[PDB]
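Pasted below: structure_17.txt, compact mmCIF, C-alpha atoms.
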# COMPACT_ATOMS: atom_id res chain seq x y z
CA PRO Z 1 -34.46 41.98 23.08
CA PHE Z 2 -35.29 38.32 23.59
CA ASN Z 3 -34.54 37.72 19.90
CA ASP Z 4 -30.83 38.55 20.29
CA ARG Z 5 -30.18 38.57 24.04
CA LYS Z 6 -26.52 38.11 24.99
CA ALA Z 7 -24.55 37.31 28.14
CA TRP Z 8 -21.87 39.93 28.77
CA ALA Z 9 -18.53 39.60 30.53
CA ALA Z 10 -17.39 40.86 33.94
CA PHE Z 11 -14.51 43.15 34.86
CA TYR Z 12 -12.26 42.93 37.91
CA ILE Z 13 -10.86 45.93 39.79
CA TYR Z 14 -7.54 45.56 41.61
CA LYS Z 15 -6.22 48.30 43.87
CA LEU Z 16 -2.82 49.80 43.11
CA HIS Z 17 -0.34 49.84 45.98
CA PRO Z 18 3.06 51.52 46.33
CA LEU Z 19 5.27 48.45 45.96
CA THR Z 20 8.71 47.41 44.76
CA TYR Z 21 8.51 45.24 41.63
CA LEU Z 22 11.16 43.31 39.72
CA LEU Z 23 10.22 43.72 36.05
CA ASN Z 24 11.63 41.56 33.26
CA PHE Z 25 11.71 43.26 29.86
CA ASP Z 26 11.41 41.17 26.71
CA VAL Z 27 13.72 41.41 23.71
CA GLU Z 28 10.89 43.47 22.17
CA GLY Z 29 10.88 45.80 25.19
CA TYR Z 30 7.68 44.50 26.79
CA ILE Z 31 7.39 43.37 30.40
CA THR Z 32 6.78 39.62 30.13
CA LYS Z 33 7.00 38.72 33.82
CA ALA Z 34 7.22 40.54 37.14
CA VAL Z 35 8.00 39.80 40.78
CA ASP Z 36 6.14 41.26 43.76
CA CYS Z 37 9.15 41.89 45.97
CA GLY Z 38 7.36 41.84 49.31
CA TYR Z 39 4.99 38.97 48.55
CA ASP Z 40 7.27 36.00 49.23
CA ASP Z 41 10.69 35.12 50.60
CA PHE Z 42 11.59 33.68 47.20
CA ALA Z 43 10.36 36.98 45.77
CA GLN Z 44 12.63 38.83 48.22
CA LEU Z 45 15.49 36.62 47.02
CA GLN Z 46 14.71 37.47 43.40
CA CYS Z 47 14.48 41.20 44.10
CA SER Z 48 17.57 41.43 46.33
CA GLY B 1 63.28 20.72 67.48
CA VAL B 2 59.66 21.74 66.90
CA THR B 3 58.79 24.43 64.36
CA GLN B 4 55.30 25.89 64.74
CA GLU B 5 53.49 27.21 61.67
CA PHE B 6 49.98 28.58 61.22
CA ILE B 7 48.30 28.27 57.83
CA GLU B 8 44.89 29.92 57.63
CA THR B 9 42.12 28.20 55.69
CA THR B 10 39.07 30.42 56.33
CA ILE B 11 37.94 33.99 56.74
CA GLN B 12 34.73 35.02 58.45
CA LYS B 13 31.92 34.89 55.88
CA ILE B 14 29.97 38.15 55.92
CA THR B 15 26.75 38.94 54.05
CA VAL B 16 25.69 42.60 54.05
CA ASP B 17 22.08 43.74 53.69
CA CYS B 18 23.01 46.48 51.25
CA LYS B 19 19.63 48.24 51.23
CA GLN B 20 19.39 48.38 55.03
CA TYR B 21 23.08 49.22 55.44
CA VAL B 22 22.95 52.17 53.05
CA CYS B 23 19.44 53.55 53.59
CA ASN B 24 18.21 52.15 56.95
CA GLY B 25 14.79 51.58 55.39
CA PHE B 26 14.04 55.16 54.32
CA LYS B 27 11.97 55.73 51.17
CA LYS B 28 13.73 58.98 50.21
CA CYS B 29 17.17 57.39 50.59
CA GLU B 30 16.08 54.41 48.48
CA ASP B 31 14.83 56.72 45.73
CA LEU B 32 18.12 58.64 45.77
CA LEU B 33 20.09 55.37 45.77
CA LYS B 34 18.20 53.94 42.78
CA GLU B 35 20.05 56.53 40.66
CA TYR B 36 23.27 54.55 41.21
CA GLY B 37 22.05 51.55 39.19
CA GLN B 38 21.87 48.03 40.65
CA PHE B 39 24.62 48.46 43.23
CA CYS B 40 22.94 46.49 46.02
CA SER B 41 22.37 43.47 43.78
CA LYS B 42 26.02 43.57 42.67
CA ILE B 43 27.18 43.69 46.30
CA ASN B 44 24.89 40.80 47.25
CA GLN B 45 26.07 38.67 44.32
CA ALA B 46 29.75 39.41 45.01
CA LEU B 47 29.47 38.48 48.69
CA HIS B 48 27.43 35.36 47.89
What would you get if you wrote out this structure as structure tokens?
Amino acid sequence: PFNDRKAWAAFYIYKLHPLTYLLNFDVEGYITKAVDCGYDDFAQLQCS
Amino acid sequence: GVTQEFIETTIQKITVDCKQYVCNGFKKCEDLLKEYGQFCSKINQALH
């Protein structure tokens, strides 16, 4: 109602592709950063 | 008298694309090769 009207957020949908990824695992076991191998030449250097 | 001596200073520097050399860009071969660890990265680092 107009008494307690609110503005809600928005969600984004990203398609999943079959890709090679270079995953970095934290000391706690969580992936803190990743590299999209085919995205960039520097990314290809990191993945190779 | 002239004594002739050859002292080599270089070898030909070769970098091998390990993934292409082993698997020729085949997805099944790459999946079967991933079971050997990080062999391609080790080869690349050693040659570099």
request  = Considering all atoms listed in the file, extract the chain Z residues located within 12 Å of chain B and return them as an MDAnalysis selection string.
outcome  = chainID Z and resid 18:20 22 44:48
Residues of the last selection are to be written out with C-alpha atoms, as a PDB file, keeping the file's coordinate frame.
ATOM      1  CA  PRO Z  18       3.060  51.520  46.330  1.00  0.00           C
ATOM      2  CA  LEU Z  19       5.270  48.450  45.960  1.00  0.00           C
ATOM      3  CA  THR Z  20       8.710  47.410  44.760  1.00  0.00           C
ATOM      4  CA  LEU Z  22      11.160  43.310  39.720  1.00  0.00           C
ATOM      5  CA  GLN Z  44      12.630  38.830  48.220  1.00  0.00           C
ATOM      6  CA  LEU Z  45      15.490  36.620  47.020  1.00  0.00           C
ATOM      7  CA  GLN Z  46      14.710  37.470  43.400  1.00  0.00           C
ATOM      8  CA  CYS Z  47      14.480  41.200  44.100  1.00  0.00           C
ATOM      9  CA  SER Z  48      17.570  41.430  46.330  1.00  0.00           C
TER      10      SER Z  48
END
request  = For atom CA of residue 24 of chain B and atom CA of residue 36 of chain B, determine how far apart the two atoms are, in Å to one decimal place.
outcome  =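 So the answer is 16.7 Å.
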inquiry  = Neighbouring residues of residue 23 of chain B were defined as those with any atom within 12 Å, considering all atoms listed in the file; residues of the same chain fewer than 6 positions away were excluded. Please report them as an MDAnalysis selection string.
reply    = chainID B and resid 17 29:34 40
request  = Counting only C-alpha atoms, select every polymer residue within 12 Å of (5.9, 36.9, 40.8) as defined in the file's coordinates, and provide the selection as a list in words.
outcome  =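 Checked against the point, the hits come out as residues 20, 21, 22, 23, 24, 32, 33, 34, 35, 36, 37, 38, 39, 40, 41, 42, 43, 44, 45, 46 and 47 of chain Z.
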Enclosing box along x, y and z for every listed atom of segment 17-28 of chain B, padded 8 Å each side, centre and size in Å, one decimal, as JSON:
{"center_x": 17.5, "center_y": 51.4, "center_z": 53.6, "size_x": 27.1, "size_y": 31.2, "size_z": 22.7}
task = Have a look at atom CA of residue 25 of chain Z and atom CA of residue 15 of chain B and let me know their distance in Å, one decimal.
result =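 Separation of atom CA of residue 25 of chain Z and atom CA of residue 15 of chain B: 28.8 Å.
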Residues within 7 Å of (28.1, 35.7, 53.2), file coords, only C-alpha atoms, listed as a list in words = residues 13, 14, 15, 47 and 48 of chain B
Gap from atom CA of residue 17 of chain Z to atom CA of residue 29 of chain Z - Å, one decimal = 24.0 Å
